[PDB]
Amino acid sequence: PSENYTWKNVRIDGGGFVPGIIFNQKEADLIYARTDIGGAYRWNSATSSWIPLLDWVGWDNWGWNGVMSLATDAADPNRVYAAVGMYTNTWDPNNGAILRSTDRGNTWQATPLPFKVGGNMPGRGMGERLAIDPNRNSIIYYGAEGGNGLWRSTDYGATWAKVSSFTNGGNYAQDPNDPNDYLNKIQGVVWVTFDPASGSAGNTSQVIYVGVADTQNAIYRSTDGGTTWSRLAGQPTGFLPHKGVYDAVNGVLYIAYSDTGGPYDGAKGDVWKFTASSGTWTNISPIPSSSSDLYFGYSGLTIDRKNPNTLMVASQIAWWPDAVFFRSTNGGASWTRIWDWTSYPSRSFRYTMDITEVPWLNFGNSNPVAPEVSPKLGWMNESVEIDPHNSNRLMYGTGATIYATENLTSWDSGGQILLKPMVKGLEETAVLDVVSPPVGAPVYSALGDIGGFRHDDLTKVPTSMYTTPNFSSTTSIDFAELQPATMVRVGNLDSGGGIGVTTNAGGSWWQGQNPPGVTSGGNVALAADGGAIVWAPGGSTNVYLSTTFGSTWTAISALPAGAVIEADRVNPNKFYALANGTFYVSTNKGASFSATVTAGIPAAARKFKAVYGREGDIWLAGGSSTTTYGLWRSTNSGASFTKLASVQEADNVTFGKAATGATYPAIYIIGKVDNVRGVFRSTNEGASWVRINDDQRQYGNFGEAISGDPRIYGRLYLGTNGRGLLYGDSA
């Protein structure tokens, strides 16, 4: 069946990598943003927020939430195309696609490709691979990876095929010898850039420039509308062209090169200028690769279209002490930098930064040691863009946000530019766990890359992620049912992993001690009275008990490393564990566990949860298409589980306030019911289900972490991997 729900994000703002920002060259305020795991977005100037465009990508085609390239038609701003697909190795089972739209991405249609697209692979900051002919807008090019070369549509992206006369598919990969089959892919044909003066409106553009990931053959050009391609004579060698921007006002192509494909590295590179009339090449690097003070390559190349003597470029990459941006107002003859050393470790800045609207961007340390500042300018800044309709507006992506200025030309007269986050409505975190206790804040998130937050108000960005300790990624989080001010979380640190505890609901946390061998946070369970923690850290060879609230640890024999630990929500003495088709139980508050079920539950299942208010009531969700699948329930403290016949597949389960006059909590699952994939709620102990999402609101590979709300009927906290933390309410 099907009920009318309202779906919103819990307000965080950004939180991920934005490898591409794209301004429409014709229409002011038409801006798009592509992400590597969280789909695409379009700016809404009237709300000052981004609108997501790919939430209809669902469970079977989840990889289409990786957005490798995006082009917005200068000759028809209603048209927009996206190249999608997430991995070019086996992590993504499906090929990519070119999506096409005629209403700015409210609706789309897909043309699948015969190969994979690497929206979350190395090389993804390089772009744009998609390019529409600015004079004959039926023609679209796409530079492909994996050795597939350059691809072209002549009918608005309906059919695609290989341009066979473009023979150089590229040979660079970050590391040909990677055992893990991830760094070793051909990054391929990396951008396409047209010369608008080479045709007239309605007629094929004759001059086309192509960037290839081949250090000895980086740049190609056609001069007959893509019938034949030549290596561009006189060109430099040794490097990778991240970005190629043509200026037809002066007849010049600017390229930025790095020694790696990005986005996380780059130690060397150059910026060059190719003059079309004469065929002459000039090195215009702020700092050339011939200097050995240079410790980055170059990306974030952007030209001021209202004044194309103005242009910028940025470091790819400078981690330390921060990124560097550069500006020339004279076609690269000379440059100025956005900061400068005075006397080490002090620096002068041509910018100020205001993060009042996203205060957690200081990472819970306002005053790190010089030369570092907080918040930082940025990192992984592959996209930097001057607004083609306004020379005072720039925007760039980082690993965690988008920053924007409205007074860019303040730089030119000696002043300081003002930079502020511009990510409202763009919600890109991977949610790793979540809980909704029955008093205090409504929900606490445990996120990848930026920690996690107590969320006092769902409409308000929180002040800071968790601190003392401050995980880069909080992997697991629990509260004591009977005493929910008592909580624990675990997660990752530079030094491996860690644990944090509290007895005033996060008011102050302190870090406990580790057991031996911890490489990552893994998962954790808190007894119902707060009187024992059981913790399956990652890397560590055992699961461990603390009776001293994080001060000391004892191995538990019987349990494999990395088993899923959950506690009974009523009985402090009962803990439960799941690993590879065996369920285990303790009745002595953690000290020891025994296997109770070794058959009839599927080997791939790894989500189960005990029900608040009900001793020994456990639901369990998991499996695979190639084995068995569904939802199971024990009411006997894990001695036996029954399969629910109402469900064909489930991947996670949780509970929240019962319907009015029902005797049991509502149960929410991620799953398949009566041949329909989605999110489902049962208000009758699982006898029937109602779908609470719909086909426009699927969120790809979602559901790793979900939680009901014990105070609020019909509410699900729904976790995603790329689209932040959602809440759904019934209408």
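Residues carry their position along the shown sequence, with the first being 1.
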item: Mean C-alpha B-factor comparison - 629-637 and 200-208, higher one; value: 200-208
item: Mean C-alpha temperature factor, higher of 3-11 and 720-728; value: 3-11
item: Among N180, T459, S472, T654 - the residue whose C-alpha B-factor is largest in the record; value: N180
item: Residue of maximum C-alpha B factor among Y32, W56, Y664, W64, per deposited coordinates; value: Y664
item: Among modelled residues of the same chain, the CA temperature factor third for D36; value: middle
item: Ranked C-alpha temperature factor of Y264 among modelled chain residues, by third; value: middle
item: Third assignment of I98 from its chain's C-alpha B-factors; value: middle
item: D155, C-alpha B-factor rank within chain (lowest, middle or highest third); value: highest
item: Chain thirds of CA B-factor: placement of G378; value: lowest
